[PDB]
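Working notes, beginning with the structure itself.
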Amino acid sequence: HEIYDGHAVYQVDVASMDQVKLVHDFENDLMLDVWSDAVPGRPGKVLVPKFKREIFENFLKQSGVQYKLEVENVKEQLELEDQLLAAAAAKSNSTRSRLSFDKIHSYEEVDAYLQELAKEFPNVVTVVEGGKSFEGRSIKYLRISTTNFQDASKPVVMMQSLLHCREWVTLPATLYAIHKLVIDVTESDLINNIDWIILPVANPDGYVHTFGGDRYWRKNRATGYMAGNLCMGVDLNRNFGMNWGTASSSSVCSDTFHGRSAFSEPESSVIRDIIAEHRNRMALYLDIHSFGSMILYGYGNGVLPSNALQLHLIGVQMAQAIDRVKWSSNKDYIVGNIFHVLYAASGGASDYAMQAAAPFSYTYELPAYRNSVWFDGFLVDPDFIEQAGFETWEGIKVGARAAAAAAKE
Ligand SMILES: [Zn+2]
């Protein structure tokens, strides 16, 4: 039935830096799905196929690297999520013009919703198609403004989600931002003094594919990269022009494949064109991902930007605002450089935006919500959907106001 029947989730615990490199390269050459990188003090998670389980733990054993079996068959966890999301969708009063926060919405429902918003709120909302995905799907975003992007004195705040299609919890967060800026405006300063760009579904082809098929897919759906298309798709968070190809995979079978060149994919190209059009006054750029409970910045390569101190300061302000309203079960937000906290990475969206436009640019890593069955992962429990949105919006508005208050530059 599933391509995940027999797949197991492992937790790798590394003691030193020597092992961080060891485990990292091994995972890459075996082309494993690395959910989170291993580092001393915070063990990582990796999805290992049934036909590679013996080879995988064989290497760790002879290398002296601790590991241990979290989930023997991820299929059971996938089937539960379907069961939990299916029941939430049945009880939901969600409609075409009003998407609720009690279920996960598909690409089609988000696409229709955006268009309905521009009919009911034409003075502040403007729906625009930034382009077409590889498989031809229409990728549209919102431009929220009371001055119709006409007053160039107002700063712009860009926000996006679903770049990695399997990170489903990112969509609620960006959808909540639309809800508070359009539907339920309780804070007039955020709409009057700031112009907003929101892109809900940055990877429509992958997102649709994760809905009926490969749940754990993250790349886009680009073909023509291998004979008979045995392997396909490009990691869009490695396809951006900031130091492209320096810290990513060269194999199309890898989940971190950078592509032919920088902005070779249509999904990343459309984002580039949006950034370019508004680079003259873009104050803040946010690439919302899942999973980690961290706010990162920098440049994936380790080198820090000139305004590093300012970047970290605003990051801490956004983190503290989220931690003040968090779930007791969940942990506090981490702040820092991308290279320092996780691992070397290039071609990232937030890095490029920083280089061509926003003085302040972060990559959000939303919390992995735990429950009775699963722990940390990409699966969504319908009870965290609203909290995921509300929690993040606390950090976003604090950041938007703080970043906008950098009109002293
Ligand atoms: Zn991601």
Side-chain angles (χ1 to χ4, degrees), residues 78 81-122 125-144 159-179 181-183 197-223 232-234 236 265-271 274 288-290 366 378-382 384-386 388-389:
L78 294 171
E81 184 200 44
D82 298 347
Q83 188 176 124
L84 255 45
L85 290 192
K91 221 233 189 314
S92 185
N93 291 152
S94 191
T95 183
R96 184 174 181 134
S97 60
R98 297 292 155 101
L99 295 186
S100 289
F101 305 94
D102 62 345
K103 70 171 192 89
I104 297 304
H105 306 282
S106 65
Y107 154 74
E108 298 74 18
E109 306 180 82
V110 175
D111 184 82
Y113 175 56
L114 302 184
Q115 294 171 246
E116 296 301 297
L117 235 50
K119 294 184 200 170
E120 196 176 343
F121 307 104
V125 174
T126 296
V127 66
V128 34
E129 187 181 273
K132 302 284 174 172
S133 65
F134 178 88
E135 293 177 325
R137 287 185 174 80
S138 174
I139 166 194
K140 46 173 68 74
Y141 63 98
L142 285 192
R143 282 197 293 174
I144 306 174
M159 180 196 312
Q160 57 181 56
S161 64
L162 286 184
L163 193 62
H164 284 149
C165 54
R166 61 188 192 187
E167 306 168 356
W168 287 8
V169 76
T170 63
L171 182 61
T174 210
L175 248 39
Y176 195 90
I178 293 174
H179 170 263
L181 296 172
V182 185
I183 307 299
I197 290 175
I198 303 184
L199 175 62
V201 193
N203 188 190
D205 296 346
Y207 190 51
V208 164
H209 186 240
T210 59
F211 255 60
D214 197 315
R215 182 54 181 85
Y216 288 132
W217 188 265
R218 58 184 290 223
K219 299 186 292 172
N220 69 341
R221 296 296 288 166
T223 51
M232 53 200 273
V234 168
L236 295 176
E265 306 316 305
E267 294 84 10
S268 62
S269 292
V270 303
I271 296 166
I274 303 176
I288 303 175
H289 294 259
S290 79
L366 297 195
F378 295 105
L379 307 184
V380 181
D381 192 321
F384 185 63
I385 304 194
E386 187 172 78

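The chain is numbered in sequence order, starting from 1.
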Worksheet item: Does the side chain to side chain contact (heavy atoms under 4.5 Å, CB included) test come out yes or no for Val208 and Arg221, once each step is laid out?
Response: CA-CA 10 Å; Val208 164; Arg221 296 296 288 166; over 6 Å; no

Worksheet, complete the sentence: With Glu267 as partner, the option from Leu163, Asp205, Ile139, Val201 fulfilling side-chain contact (heavy atoms from CB on, under 4.5 Å) is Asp205

Worksheet entry | Option from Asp381, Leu366, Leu379 for which side-chain contact (heavy atoms from CB on, under 4.5 Å) with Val169 holds |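 One option only clears the test, and that one is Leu366.
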
Item to complete: Would you sort out whether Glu265 and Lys219 count as a salt bridge (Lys or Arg N to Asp or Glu O under 4.0 Å), showing the intermediate values?
Response: CA-CA 11 Å; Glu265 306 316 305; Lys219 299 186 292 172; over 6 Å; no

For [X] against [Y], the heavy-atom pair lying closest together:
{"X": "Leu84", "Y": "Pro382", "result": "O-CG, 3.7 Å"}
{"X": "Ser290", "Y": "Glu167", "result": "O-OE2, 2.8 Å"}
{"X": "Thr223", "Y": "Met232", "result": "CG2-CE, 3.7 Å"}
{"X": "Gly131", "Y": "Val270", "result": "CA-CG1, 3.8 Å"}
{"X": "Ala177", "Y": "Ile198", "result": "CB-CD1, 4.1 Å"}

Practice prompt. Measure the acute angle between the ring planes of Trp168 and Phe211, then classify it against the limits of 30° and 60° as parallel, tilted or perpendicular.
Written response: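 Ring orientation, 0 to 90° scale: tilted.
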
Item to complete: Fit a plane to each ring of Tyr176 and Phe101, take the angle between them on a 0 to 90° scale, and name the class: parallel (under 30°), tilted (30 to 60°) or perpendicular (over 60°).
Response: tilted

Item to complete: Please assess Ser133 against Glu135 for the test side-chain hydrogen bond (donor to acceptor under 3.5 Å, both in side chains), listing each intermediate value before the final yes or no.
Response: CA-CA 5 Å; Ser133 65; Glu135 293 177 325; 6.0 Å; no

So do the side chains of [X] and [Y] get within less than 4.5 Å of each other, counting heavy atoms only?
{"X": "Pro200", "Y": "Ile178", "result": "yes"}
{"X": "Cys165", "Y": "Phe378", "result": "no"}
{"X": "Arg137", "Y": "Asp111", "result": "no"}
{"X": "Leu142", "Y": "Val127", "result": "yes"}
{"X": "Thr170", "Y": "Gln160", "result": "no"}
{"X": "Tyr216", "Y": "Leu78", "result": "yes"}

Nearest-0.5 Å distance, [atom1] of residue [X] to [atom2] of residue [Y]:
{"X": "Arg98", "Y": "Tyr113", "atom1": "CZ", "atom2": "OH", "value": "7.0 Å"}
{"X": "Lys119", "Y": "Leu114", "atom1": "NZ", "atom2": "CG", "value": "12.0 Å"}
{"X": "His209", "Y": "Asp214", "atom1": "NE2", "atom2": "CG", "value": "5.5 Å"}
{"X": "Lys103", "Y": "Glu386", "atom1": "NZ", "atom2": "CD", "value": "14.5 Å"}
{"X": "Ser269", "Y": "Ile274", "atom1": "OG", "atom2": "CD1", "value": "11.0 Å"}
{"X": "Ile104", "Y": "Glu81", "atom1": "CD1", "atom2": "CD", "value": "7.5 Å"}

State whether the side chain of [X] and the backbone N or O of [Y] hold a donor-acceptor pair below 3.5 Å, judged by distance alone.
{"X": "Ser100", "Y": "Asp102", "answer": "no"}
{"X": "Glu116", "Y": "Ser97", "answer": "no"}
{"X": "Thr174", "Y": "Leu171", "answer": "no"}

Worksheet item: Can you list the steps and then say if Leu162 with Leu199 is a side chain to side chain contact (heavy atoms under 4.5 Å, CB included)?
Response: CA-CA 9 Å; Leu162 286 184; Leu199 175 62; over 6 Å; no

